[PDB]
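Trainee: Dropping a structure here in structure tokens format, bear with me for questions.
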Number of protein chains: 4
Amino acid sequence: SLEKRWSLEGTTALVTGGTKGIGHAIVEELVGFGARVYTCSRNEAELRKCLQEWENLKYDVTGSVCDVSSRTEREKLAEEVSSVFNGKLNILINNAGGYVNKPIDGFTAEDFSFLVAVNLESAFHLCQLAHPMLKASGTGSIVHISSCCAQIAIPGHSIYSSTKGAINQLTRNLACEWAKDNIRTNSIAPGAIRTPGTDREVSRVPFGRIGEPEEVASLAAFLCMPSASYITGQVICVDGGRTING
Amino acid sequence: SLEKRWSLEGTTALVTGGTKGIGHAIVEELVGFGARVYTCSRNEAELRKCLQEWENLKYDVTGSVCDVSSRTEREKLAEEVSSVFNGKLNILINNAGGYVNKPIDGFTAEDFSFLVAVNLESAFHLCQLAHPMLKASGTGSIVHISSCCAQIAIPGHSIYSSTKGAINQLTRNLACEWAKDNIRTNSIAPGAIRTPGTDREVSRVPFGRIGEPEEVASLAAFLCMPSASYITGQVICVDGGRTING
Amino acid sequence: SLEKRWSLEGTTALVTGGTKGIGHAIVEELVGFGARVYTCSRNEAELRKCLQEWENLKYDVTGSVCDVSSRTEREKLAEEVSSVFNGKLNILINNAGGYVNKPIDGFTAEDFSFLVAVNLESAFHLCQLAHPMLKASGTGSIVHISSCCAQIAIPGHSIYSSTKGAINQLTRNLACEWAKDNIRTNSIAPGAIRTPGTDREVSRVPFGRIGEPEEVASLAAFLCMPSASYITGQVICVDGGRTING
Amino acid sequence: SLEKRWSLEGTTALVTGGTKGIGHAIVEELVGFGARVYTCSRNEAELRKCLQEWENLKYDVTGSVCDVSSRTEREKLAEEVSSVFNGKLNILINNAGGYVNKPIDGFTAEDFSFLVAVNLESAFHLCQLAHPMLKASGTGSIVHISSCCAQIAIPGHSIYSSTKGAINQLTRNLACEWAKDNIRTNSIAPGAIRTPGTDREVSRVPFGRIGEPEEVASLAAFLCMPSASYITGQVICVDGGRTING
Ligand SMILES: NC(=O)c1ccc[n+]([C@@H]2O[C@H](COP(=O)([O-])OP(=O)(O)OC[C@H]3O[C@@H](n4cnc5c(N)ncnc54)[C@H](OP(=O)(O)O)[C@@H]3O)[C@@H](O)[C@H]2O)c1
Ligand SMILES: NC(=O)c1ccc[n+]([C@@H]2O[C@H](COP(=O)([O-])OP(=O)(O)OC[C@H]3O[C@@H](n4cnc5c(N)ncnc54)[C@H](OP(=O)(O)O)[C@@H]3O)[C@@H](O)[C@H]2O)c1
Ligand SMILES: NC(=O)c1ccc[n+]([C@@H]2O[C@H](COP(=O)([O-])OP(=O)(O)OC[C@H]3O[C@@H](n4cnc5c(N)ncnc54)[C@H](OP(=O)(O)O)[C@@H]3O)[C@@H](O)[C@H]2O)c1
Ligand SMILES: NC(=O)c1ccc[n+]([C@@H]2O[C@H](COP(=O)([O-])OP(=O)(O)OC[C@H]3O[C@@H](n4cnc5c(N)ncnc54)[C@H](OP(=O)(O)O)[C@@H]3O)[C@@H](O)[C@H]2O)c1
């Protein structure tokens with residue numbers, strides 16, 4: 001029935017990087033539909049402030065400090081989540097990311113390593129770590145936050161976009177290999193979005209404006225609902241038409 | 001706020017081909033979120049039966065007999081819709097379509113003409129006719145029902161898939177040209193779905209099953225919600241991973 | 001051996017629309033590698049002038065007046081080609097096309113019919129008609145001339161781009177259905193090219209210039225060579241990076 | 001003129017991994033059109049054997065032992081190439097790669113690091129190192145050897161395909177950022193090819209066979225010719241229709 005198909009009541013979720021921007025919007029959207037959410041960031045003081053605000057509003061959100069670019073910390077994170085949720089995870093949102101803007105000539109080995117670790121390896125390893133919990137839930141949804149620039153060339157975005165292009169492909173492999181476990185995997189590819197993390201861009205957007213965090217968060221929540229049960233392996237741009245505009 | 005973003009209360013919608021299959025599911029999904037819907041089919045007796053059932057359930061659905069492959073009938077349809085809705089249309093769902101399965105060698109000129117008229121020209125002309133009403137609503141959403149086979153080669157689908165490939169491109173042009181009028185246009189590309197209209201296919205689906213009409217209808221409703229305000233020009237496959245499966 | 005792989009010696013070819021622009025370049029490129037070419041246009045006086053120039057240069061090119069938007073004329077054309085080439089055709093280049101630039105609101109039913117007939121139906125029917133000759137050659141190559149704007153939205157190009165989008169899909173169906181007959185089918189999708197048929201466009205091209213007819217013709221010849229024997233079903237943009245430029 | 005457009009006479013080229021498989025075919029194809037080639041591999045004994053055979057045939061090929069997964073060795077390689085070619089490099093072919101086939105659950109951190117280093121970082125850093133020589137040549141062509149599985153999900157290919165997906169995106173950034181330097185960048189995405197490096201795959205290929213190294217090498221040579229001067233930023237599959245087959 002419609003009511004059930006459009007609900008996240010009784011679900012559990014992990015959202016990485018939930019203290020700001022898109023991740024923060026995703027946490028609130030998910031709890032809005034009844035999910036219990038676990039989140040993280042590298043900043044202890046900002047995380048407690050977020051968690052306190054959410055507890056004031058009686059949202060069921062918990063979290064811990066975690067740098068998802070660290071293998072040991074990812075392992076620790078998956079351990080706590082599995083204990084808190086009793087080994088059952090409905091939802092994994094790989095939102096934490098990193099950004100460097102330089103011409104190709106300018107990129108350092110350190111820049112490369114940083115972007116690969118936080119944008120690609122983190123998501124990959126966390127999917128691995130989360131697979132038992134996702135499988136155990138009986139209805140699993142992985143959503144990667146990619147970027148629309150993994151389909152076009154934006155000045156300065158070479159390694160950033162390439163790591164997101166890798167995520168787009170990983171989406172397809174996850175979708176197919178774990179379909180048997182009733183786990184779906186999709187990617188949301190935002191255009192420019194107004195965030196703490198963030199002229200010529202908006203000129204390229206048919207809508208003539210940048211997006212808002214909730215314009216990404218809504219689709220993330222939808223993709224986790226029973227209503228999205230036949231959607232998997234997709235890369236969906238949320239960019240006001242940016243990438244298909246001539 | 002969340003409640004408003006996920007609502008179609010106070011909206012008006014035209015869904016072509018709403019008496020069976022995907023179109024029927026789309027009508028019910030839209031009214032479920034509070035939309036007033038106008039629909040059509042070529043069959044007078046089946047349409048009255050559908051309309052009677054919906055009125056019994058107190059859904060606000062009206063409709064008339066219309067063959068959308070006929071220019072005169074499309075013009076008549078747009079006329080009634082505009083009068084019934086007082087010149088304001090929030091939503092246009094181009095769902096009515098046609099299907100012929102033959103090897104390329106087998107296709108007749110008549111087959112070609114039939115598929116182009118019902119799958120491409122109908123959608124194009126109705127967008128033209130509906131543009132003033134869509135613009136007048138202040139928040140317009142066009143959703144074409146395409147096909148996932150507009151990205152791969154399925155035996156017998158050559159002209160069918162080609163007309164849907166044309167729809168996919170038209171989506172991009174509509175999205176960009178009418179963004180100024182706060183109209184969004186997107187395409188949903190289903191894989192095999194269980195319908196009155198419809199072995200080796202399901203072997204190619206990671207999920208190992210065909211889809212259900214509501215698995216398409218949910219996304220159609222989502223794309224019309226305020227929550228989808230930064231999504232335009234996209235072609236989204238609803239195919240259980242069919243097209244990206246090796 | 002290399003010499004053979006990069007040769008069209010002893011091959012036969014049909015190029016539609018060979019009296020101007022891209023088609024004219026394709027005829028000369030093909031004869032340059034030793035092909036015998038048949039071509040056509042709607043203009044009797046321009047065709048004889050082209051044929052006379054080519055005979056002066058001792059190229060083996062023949063041709064007749066044909067409007068490829070007419071079914072009867074397409075049938076007549078395939079009849080002459082099959083007789084001249086003794087029932088064996090190595091190469092079919094669907095280059096003849098049509099162009100209308102209007103906003104979506106502006107397009108007439110007549111505009112729509114014209115573009116579908118010359119850009120899509122002509123190519124489709126000619127592939128059907130040519131299939132026995134292509135199969136009989138033992139090594140068949142079909143190349144459609146599409147457009148890079150079948151992947152993005154250019155103002156005024158809605159129906160034009162949509163017909164080329166249909167061609168792109170048809171390419172995939174042809175490639176798969178006729179692989180058994182050792183026929184390959186590919187599409188070349190030019191950006192803006194300097195032609196008799198043809199500011200903001202070149203600003204969008206990384207190279208900062210429009211293309212030349214021979215920059216399309218070279219790839220057409222390559223795709224017909226033995227060297228391209230594992231290339232089929234592809235849509236290759238020749239656009240100086242236009243479609244992937246941010 | 002045609003002769004010049006289809007020639008690599010007087011050009012200089014670096015092909016990584018030229019002692020076997022696709023890379024070996026690419027070296028021979030390039031010298032066949034008159035290029036002077038520099039190549040490498042990790043195996044000293046196999047490289048000298050290849051170089052001796054080529055010198056016997058009077059091909060102008062030189063080379064040194066280099067593990068392109070090592071930064072110091074890449075720097076050393078670019079140093080020798082620049083000295084041997086007097087600071088002018090027309091062609092860079094990033095062919096050296098690595099392959100691991102495991103389910104997603106099975107991949108180790110070491111597997112991940114290995115594939116990223118050899119498939120992505122190596123190509124990226126070598127483009128950086130080669131940029132001055134490529135720019136100095138006045139006509140530069142970079143060709144990455146990707147994989148067709150960067151568009152679909154093949155069992156066991158998750159990290160492999162993801163690194164190639166990253167290469168596909170990097171192609172687009174290189175194409176746009178360095179167009180000003182008259183450098184073109186494209187990717188060739190092979191399906192299964194018969195190589196020393198290499199049942200259900202061939203069932204998925206319309207042609208019903210795997211490809212040969214020269215079926216990739218031909219396109220690599222073409223993309224470096226003056227005839228390809230308006231082709232940049234493209235990812236071209238050489239897969240007998242594998243990725244678009246239903
Ligand atoms: N904003 C855009 O325009 C845009 C466009 C396309 C894609 N994206 C993608 O969208 C996602 C979210 O972007 P955003 O703009 O919302 O970023 P943001 O505003 O900077 O927020 C990032 C969040 O992630 C956390 N975070 C960052 N690095 C982390 C790490 N290593 N471990 C744990 N947490 C980490 C941050 O907190 P701490 O710093 O305190 O850890 C913060 O909570 C990213 O994947 C980004 O690439 C964004
Ligand atoms: N089902 C699938 O597997 C699948 C897969 C991909 C795409 N699609 C697409 O999804 C859409 C819906 O397909 P479906 O399978 O749901 O079809 P369906 O079960 O046959 O239902 C089609 C509906 O459209 C109406 N209709 C058909 N032709 C019409 C015309 N010329 N004018 C007005 N109404 C017309 C039909 O009623 P009357 O016949 O009484 O007019 C019926 O209400 C189509 O665009 C189709 O191409 C379907
Ligand atoms: N030029 C570009 O910028 C560009 C970009 C993307 C795609 N394209 C495509 O490239 C192809 C060639 O374009 P073009 O610019 O080279 O065109 P062009 O310069 O106008 O040349 C067109 C040729 O086709 C012939 N022709 C046209 N309609 C015909 C018909 N119905 N039957 C037979 N012959 C016909 C023309 O001769 P008659 O008029 O005498 O018949 C002429 O020989 C077309 O498919 C076009 O859509 C072009
Ligand atoms: N074969 C296929 O089916 C297929 C399909 C899609 C894509 N590809 C891609 O095509 C490219 C070539 O593949 P292949 O199958 O031809 O491989 P191959 O037969 O194994 O040949 C690889 C060549 O690269 C050299 N090489 C490997 N690692 C190297 C390193 N770290 N540094 C320097 N040289 C290295 C090898 O020599 P040493 O081992 O002696 O160093 C050998 O010369 C790769 O990028 C591969 O991913 C292949």
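In the structure tokens, each chain is lettered A, B, ... as it comes, each chain's residues begin at 1, and ligands are numbered from 1 in order of appearance.
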Taking only C-alpha atoms into account and nothing else, which residues of chain B lie no more than 6 Å away from chain C? Please answer as a ChimeraX atom specification.
Mentor: /B:105,128,153,158,162-163,165-166,169-170,172-173
Trainee: Taking 4 positions as the minimum chain separation for residues in the same chain, which residues sit within 7 Å of residue 215 in chain C when counting only C-alpha atoms? Answer as number ranges by chain.
Mentor: C: 211; D: 227-230
Trainee: Rank nothing, just name the residue among B:197, B:241, B:140, B:206 nearest to ligand 2, using only C-alpha atoms and all ligand atoms.
Mentor: B:197
Trainee: Do a neighbour search on residue 145 in chain D at 12 Å with only C-alpha atoms, toss out local chain neighbours closer than 4 positions, and write the hits as a PyMOL selection string.
Mentor: chain D and resi 15-17+22-23+26+92-98+119-120+123+150+163-168+171+185-191+213+216-217+219-220+234-238
Trainee: Which neighbours of residue 20 in chain C fall inside 8 Å, counting only C-alpha atoms, when residues of the same chain fewer than 5 positions from it are skipped, and could you give them as a short mmCIF file (atom, residue, chain, number, x, y, z; two decimals) with C-alpha atoms, in the first residue's frame?
Mentor:
data_model
loop_
_atom_site.label_atom_id
_atom_site.label_comp_id
_atom_site.auth_asym_id
_atom_site.auth_seq_id
_atom_site.Cartn_x
_atom_site.Cartn_y
_atom_site.Cartn_z
CA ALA C 25 34.25 14.47 -48.43
CA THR C 195 29.46 22.85 -44.91
CA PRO C 196 27.16 24.48 -47.47
#
Trainee: If we count only C-alpha atoms and set the cut-off at 10 Å, which residues sit around residue 65 in chain D, ignoring sequence neighbours fewer than 4 positions away in its own chain? Please answer as a list in words.
Mentor: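 Surrounding residues, per the criterion: residues 17, 39, 40, 41, 42, 43, 44, 45, 46, 47, 48, 73 and 77 of chain D.
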Trainee: Going by DSSP on the backbone, which residues of range 9-246 of chain D come out as alpha helix (DSSP H)? List them as an NGL selection string.
Mentor: :D and (21-32 or 44-56 or 71-84 or 109-115 or 122-137 or 158-177 or 200-204 or 213-224)
Trainee: Counting only C-alpha atoms, what is within 6 Å of residue 12 in chain A, bar same-chain residues fewer than 3 positions away, as a ChimeraX atom specification?
Mentor: /A:35-37,89-90
Trainee: Once DSSP has gone over the backbone, tell me which residues of range 159-219 of chain D are in strand (DSSP E or B), as a ChimeraX atom specification.
Mentor: /D:183-190,193,211
Trainee: Take the residues just selected and output them with C-alpha atoms as a PDB file, in the first residue's frame.
Mentor:
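Result file follows (out11.pdb):
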ATOM      1  CA  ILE D 183      46.895  18.042 -27.486  1.00  0.00           C
ATOM      2  CA  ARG D 184      44.053  15.547 -27.958  1.00  0.00           C
ATOM      3  CA  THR D 185      43.189  12.851 -25.427  1.00  0.00           C
ATOM      4  CA  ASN D 186      40.975   9.821 -26.045  1.00  0.00           C
ATOM      5  CA  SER D 187      40.286   6.432 -24.494  1.00  0.00           C
ATOM      6  CA  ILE D 188      39.964   3.063 -26.230  1.00  0.00           C
ATOM      7  CA  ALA D 189      37.825   0.642 -24.222  1.00  0.00           C
ATOM      8  CA  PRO D 190      38.478  -2.937 -25.311  1.00  0.00           C
ATOM      9  CA  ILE D 193      40.983  -9.435 -26.209  1.00  0.00           C
ATOM     10  CA  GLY D 211      39.032  -9.602 -30.195  1.00  0.00           C
TER      11      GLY D 211
END
Trainee: Mind pulling up the distance from CA of residue 200 in chain D to atom 27 (C, counted along the ligand's line) of ligand 4?
Mentor: 25.5 Å
Trainee: Excluding residue 225 in chain B and any residue of its chain fewer than 2 positions from it, enumerate the residues within 9 Å of it, using only C-alpha atoms, and give them as a PyMOL selection string.
Mentor: chain B and resi 4-8+141+221-223+227-229
Trainee: Output N, CA and C atoms for every residue in that selection, as a CSV table (one decimal), in the first residue's frame.
Mentor:
chain,number,residue,atom,x,y,z
B,4,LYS,N,5.2,19.5,2.9
B,4,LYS,CA,4.9,20.1,1.6
B,4,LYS,C,5.7,19.6,0.4
B,5,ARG,N,7.0,19.4,0.6
B,5,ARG,CA,7.9,18.9,-0.4
B,5,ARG,C,7.5,17.6,-0.9
B,6,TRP,N,6.9,16.8,-0.1
B,6,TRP,CA,6.4,15.5,-0.5
B,6,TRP,C,5.0,15.3,-0.7
B,7,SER,N,4.3,16.4,-1.3
B,7,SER,CA,2.9,16.4,-1.5
B,7,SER,C,2.5,16.9,-2.9
B,8,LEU,N,1.4,16.3,-3.4
B,8,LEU,CA,0.9,16.8,-4.7
B,8,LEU,C,-0.5,17.4,-4.4
B,141,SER,N,5.7,19.9,-14.4
B,141,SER,CA,6.5,18.7,-14.5
B,141,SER,C,6.0,17.8,-15.6
B,221,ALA,N,5.5,9.9,-9.6
B,221,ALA,CA,5.0,10.8,-8.6
B,221,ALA,C,6.1,11.6,-7.9
B,222,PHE,N,7.2,10.9,-7.6
B,222,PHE,CA,8.3,11.7,-6.9
B,222,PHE,C,8.8,12.8,-7.8
B,223,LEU,N,8.9,12.5,-9.1
B,223,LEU,CA,9.5,13.5,-10.0
B,223,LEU,C,8.6,14.7,-10.2
B,227,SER,N,10.0,18.2,-4.0
B,227,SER,CA,11.2,17.6,-3.6
B,227,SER,C,12.2,17.3,-4.8
B,228,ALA,N,11.6,17.3,-6.0
B,228,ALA,CA,12.4,17.0,-7.2
B,228,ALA,C,12.7,18.3,-8.0
B,229,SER,N,12.7,19.4,-7.3
B,229,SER,CA,12.8,20.7,-7.9
B,229,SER,C,14.1,21.0,-8.7
